[PDB]
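Descriptive analysis of the structure
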Amino acid sequence: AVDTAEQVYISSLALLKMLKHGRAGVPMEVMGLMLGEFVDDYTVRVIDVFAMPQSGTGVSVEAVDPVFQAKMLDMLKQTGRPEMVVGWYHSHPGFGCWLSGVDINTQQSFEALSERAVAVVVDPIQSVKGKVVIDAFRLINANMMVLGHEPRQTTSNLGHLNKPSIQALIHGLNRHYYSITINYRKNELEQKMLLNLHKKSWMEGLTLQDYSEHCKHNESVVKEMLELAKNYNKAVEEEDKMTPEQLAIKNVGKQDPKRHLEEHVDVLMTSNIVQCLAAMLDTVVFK
Amino acid sequence: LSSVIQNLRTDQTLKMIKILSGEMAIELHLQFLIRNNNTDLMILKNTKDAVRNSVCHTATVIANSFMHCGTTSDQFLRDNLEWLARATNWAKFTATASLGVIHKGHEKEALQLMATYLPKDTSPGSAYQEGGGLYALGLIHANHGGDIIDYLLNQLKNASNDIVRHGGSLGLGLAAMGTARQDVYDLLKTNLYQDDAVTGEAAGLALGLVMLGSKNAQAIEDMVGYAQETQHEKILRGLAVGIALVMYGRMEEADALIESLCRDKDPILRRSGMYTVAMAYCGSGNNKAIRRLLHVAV
Amino acid sequence: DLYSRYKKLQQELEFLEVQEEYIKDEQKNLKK
Amino acid sequence: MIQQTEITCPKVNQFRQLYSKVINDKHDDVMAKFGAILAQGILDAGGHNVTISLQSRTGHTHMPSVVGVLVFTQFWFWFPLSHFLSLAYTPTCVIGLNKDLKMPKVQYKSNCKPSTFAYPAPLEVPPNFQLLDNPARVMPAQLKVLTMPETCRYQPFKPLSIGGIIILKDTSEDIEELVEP
Ligand SMILES: [Zn+2]
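My aim in this report is to walk through the structure given alongside it, one point at a time. (Residues numbered from 1 in each chain as written, not as in the entry; some residues may be left out. Chains lettered and ligands numbered in written order. Part of a larger assembly, values for the part shown. Heavy atoms only, no water.)

Notes on the overall build of chain C
Secondary structure assignment for chain C yields 1 helix and 0 strands. Taken along the three principal axes of its C-alpha coordinates, chain C extends 50 × 5 × 5 Å. Counting across all 32 residues of chain C, residues that qualify as buried make up 12%. Surface summary for chain C: the accessible area is close to 3,300 Å², and the carbon and sulfur share equals 55%. Once the 7 positive and 8 negative side-chain charges of chain C are each reduced to a mean point, those two points are 4 Å apart. (Helix = DSSP H or I, 4+ residues; strand = E, 2+ residues; numbered from the N terminus. Buried < 20%, exposed > 50% of the residue type's maximum accessible area, 1.4 Å probe, protein only. Areas by Shrake-Rupley, 256 points an atom, 1.4 Å probe, with all protein chains shown as cover. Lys, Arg positive; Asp, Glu negative; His and termini not counted. Charge placed at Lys NZ, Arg CZ, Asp CG, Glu CD.)

Things to note about the interface of chain A and chain D
Between chain A and chain D, the contact holds 8 residues from the first and 7 residues from the second. For the chain A and chain D pair, buried surface summed over both sides reaches about 650 Å², with 65% attributable to carbon and sulfur atoms. Per-residue buried area on chain A facing chain D is highest for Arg152, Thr154 and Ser156 of chain A; these three make up 65% of the total on that side. In this assembly, chain A and chain D are joined by 0 salt bridges. Between the two partners, chain A and chain D, sit 1 residue pair in polar contact. (Contact = heavy atoms within 4.5 Å. Buried area = accessible area lost by both parts, 1.4 Å probe. Salt bridge = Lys/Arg side-chain N within 4 Å of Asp/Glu carboxyl O. Polar contact = N/O pair within 3.5 Å; in protein donor to acceptor, adjacent residues only side chain to side chain.)

A closer look at the coordination of the zinc ion
Residue and element names in this part refer to chain A. Around the zinc ion, the protein contributes the donor atoms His90 (NE2), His92 (NE2) and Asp103 (OD), at 1.7 to 1.9 Å from the metal centre. Going along the chain, you hit the donors of the zinc ion in the pattern H-x1-H-x10-D. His90 gets classed as buried once you look at its relative accessible area, which sits at 0%. The exposure class assigned to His92 is buried, which follows from its relative accessible area of 10%. (Donors = N, O, S within 2.8 Å, 3.2 Å for Na, K, Ca; no water.)

Description of the sheet that holds strand 7 (residues 177–179) of chain A
Residue and element names in this part refer to chain A. Spatially, 8 strands are ordered 7-6-5-4-2-3-1-8 in an open sheet, and the strand pairing comes out mixed. Across the chains shown, the open sheet's two edge strands, defined by having one partner strand only, are strand 7 and strand 8 (181–184). On average, adjacent strands in this sheet sit at an angle of 35° to one another, irrespective of strand direction. Across 7 bridges, strand 2 (residues 31–38) lies against strand 3 (residues 43–51) in antiparallel orientation. In the strand pairing of strand 3, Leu33 is matched with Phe50. (Pairing = 2+ DSSP bridges. Axes fitted to C-alpha atoms, helices over the stretch in contact; angles between N-to-C directions.)

Some thoughts on the nonpolar core
By size, the foremost hydrophobic cluster in this structure holds 43 residues, and its most contacted members are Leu174, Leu212, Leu245 and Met279 of chain B together with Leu70, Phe84 and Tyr89 of chain D. Looking at this core, the elements that each hand over two or more residues are helix 3 (24–35), helix 5 (57–67), helix 8 (91–102), helix 10 (127–140), helix 12 (164–175), helix 14 (200–210) and helix 16 (234–245) of chain B together with helix 3 (64–72) of chain D. Broken down by element, this core gets its largest block of residues, 5 residues, from helix 3 of chain D. Apart from residues lying up to four places away in sequence, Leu70 of chain D is in contact with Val241, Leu245 and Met279 of chain B. If you look at the next biggest cluster of nonpolar residues, it comprises 36 residues, including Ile148, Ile235, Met247 and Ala254 of chain B. (Core = buried A, V, L, I, M, F, W, Y, C linked by side-chain atoms within 4.5 Å.)

Side note on the pairing of strand 4 (residues 84–91) of chain A
Residue and element names in this part refer to chain A. For strand 4, a buried count of 7 out of 8 residues is recorded, marking the element as mostly surrounded by other parts of the structure. In this sheet, strand 4 lies alongside strand 2 in antiparallel orientation, the contact comprising 6 bridges. Its bridge partner lying in strand 4, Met31 is registered against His90. Inspection of the sheet shows strand 4 paired to strand 5 (residues 118–122) by 5 bridges, in the parallel sense. Within strand 5, the position partnered with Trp88 by the bridge is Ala119. For the segment spanning strand 4, helix 3 (residues 103–113) and strand 5, crossover handedness is right-handed. (Right-handed = clockwise from strand over helix to strand, strands pointing away.)

Re helix 13 (residues 182–192) of chain B
Of all the residues in helix 13 of chain B, the buried ones are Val184, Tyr185, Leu187, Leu188, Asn191 and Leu192 of chain B. Residues of helix 13 of chain B that are buried sit in contact with helix 11 (147–157), helix 12, helix 14, helix 15 (219–226) and helix 16 of chain B.

Things to note about the interface of chain B and chain D
On the chain D side, the residues contacting the 53 residues of chain B number 55 residues. Counting the surface chain B buries against chain D, the share from its top three residues, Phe32, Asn38 and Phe66 of chain B, is 17%. Taken together, chain B and chain D are joined by 0 salt bridges. Seen at the junction of chain B and chain D, the total is 10 residue pairs in polar contact. It is helix 3 of chain B that provides the largest number of residues to the side of chain B that touches chain D, a total of 6 residues. Tallied by class, the residues present in the side of chain B that touches chain D amount to 31 nonpolar, 14 polar and 8 charged. (Nonpolar A, V, L, I, M, F, W, Y, C, P; charged D, E, K, R; others polar.)

Digging into the packing of helix 13 of chain B against helix 14 of chain B
Residues and elements named next belong to chain B. For the pair helix 13 and helix 14, interaxial distance at closest approach is 10 Å and the crossing angle is 155°. One finds that helix 13 runs roughly antiparallel with respect to helix 14. Every pair of crossing elements has a handedness; the one defined by helix 13 and helix 14 is left-handed. Of the residues in helix 14, those touching helix 13 at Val184, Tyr185, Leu188 and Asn191 are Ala203, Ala206, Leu207 and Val210. For the contact of helix 13 with helix 14, a count of residues per class yields 7 nonpolar, 1 polar and no charged. (Parallel < 35°, antiparallel > 145°, perpendicular 65-115°, else oblique. Left-handed = near helix turned anticlockwise from the far one by under 90°.)

Some words on the side chain of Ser169 of chain B
Residues and elements named next belong to chain B. Along the polypeptide, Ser169 turns up in helix 12. At a separation of 3.0 Å, a polar atom in the side chain of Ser169 contacts the main-chain carbonyl oxygen of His166. Setting aside residues no more than four positions away along its own chain, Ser169 makes contact with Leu156, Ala202, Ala203 and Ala206.

Right, here's the structure in full:
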């Protein structure tokens, strides 16, 4: 009768509702509630994520309106599907992820009212390059002071999916709460239709990018390649032959030998091949 | 061996039954292990005292069971009973499983020894004791048919909780490993159709045991017909090993099924077919297998 | 011995060819 | 590394102190020292009497020694699956049981080109013609350097060259030496 290793099943539209609401008010700590379904002991799912109307207080238990939620939940019973909340979320743009002074209290109020109520922290100012630092957490009780926390029993995936970094284990890990693993519920009827409407172009794959700027682009690159070739000429004729293998390894440039020599040459080669082949095909097709 | 002992009966006749079924070969091996023994106690102590309040009791009791397998000596369950009973929820499960591993093979003596721990009388509120007990009885009585398959059959027909339905079916599948009995096959099907998401890895492992190298025309279809519309990942992983363990050494008789699991977008089923192509190809230098096994790896 | 070696040179040839395909196969896919 | 001595490969004592160094350290992962405490039980499994092999005696393959190891590979997803590895434990005995009960105590030796190996002794630090009885272990690599007793009349029927079970073609009269504990 204890936890081992839970797994949070998030949906594709769940995280999309998380990023847009987090990006919406960035300097005002957006705050909403997480709605899912406890399917068994140690797997938990969430498909539908709604937001909450915020207040002057901010992320707290007071911004959670009870009469708005039950009015909202009742109207969701007839449209879509009725279910019970399984947690909450908030946004910490000022730092990474850890449970704040009042985040731990509203966690206690939710796991006393609901069952376990996993809290999700999303940093909207970090989800920028190609990755998101979304993490969820779960409070452990203070009664297990003589037993080691995270009662893992039959699992070896816990070394994966994140290790606790120095910016995480300073605030509350692992003595207050613990981390949890989250995977992505990918399936068909969602994934291929997202790709075919985002990264897909029908009329664009056969255009010609008319040759005012096209052959013009094949001229500014020849000059800088020539100077690199003359610089490549300068090093190859030079040929220091006193202690060569140490002089080569302590004096690297990472731009002379083959870095700036074939990079643009490859780019100019592929572009005119694509351009001429698309030019030849339309001459085969169009009369 | 089950086929010839049916053809043989179609004294020296009673002598040639016993040496083609195998009791004494267990016994002289059991006689060999109780005579010769080399296990140092000090190293096990130096591993024991460096264990903090983490989870490592299961790691200790799996270690001594490995290094006392068939030794049949109880000293760690005797000198520190209180240290072993410190941890819970699976450490009592694994230790009473490990008690069967040390007593690897008596065929009667462990049955009259573990008759003390009845599965209605150990503790009403600890199913890990009786569940690991029926798991341990299946470990000791493996590849030995008789009453014990039928006696574990009557216990699964009247189960108390789902914890016991793990070690019951794991005990029953290992006892009936390679038998392909219809009665254990009928109850393992309807156990899977109970639709309970804690015991699918209990049913999925056991179904591959009783159908090991069988190539049934309906088991593979019913398993791959079940593991599409479910909603958990254990139930995927339980049937994953079961559809791998159901075939063993077919060498051309799974090649469409290997393609059927690999073309699917299910990551567990693509994982499962890699076990199935590995088990159908053992000791075989098939270039096309390892061509297809490595091309799908990268 | 003249027959025993000849299958062995086949097995070493066949084991080599699945490898040298695969390392061409991996290094094509390693570029991504 | 299973039933291997220092003369078999030098890295044994290298690895035993390496197992020790990672299990006596405090500042390691539990998943790290879980690998070491598992390495302790496999290295000395069965008291240097059993071993793992997918291969049987005469070119055939075992089914239970394969089922045991592949469910053992699933130890990430369920920890009591490691119990199933015990099925692959195969004995390395050579017992000359000729009748259904007659276990004579025949004292055979071997002929090692180096000195002695094969069943080391436990530590406590806080000739080549050694006779052996019938319930005795044998290393699976010294199965061809042994020799049956030629000075004794009791000679087996099957040639003793591979570890397993054989009989003793009894030729004399007045047989004795039966013992069972
Ligand atoms: Zn917060």
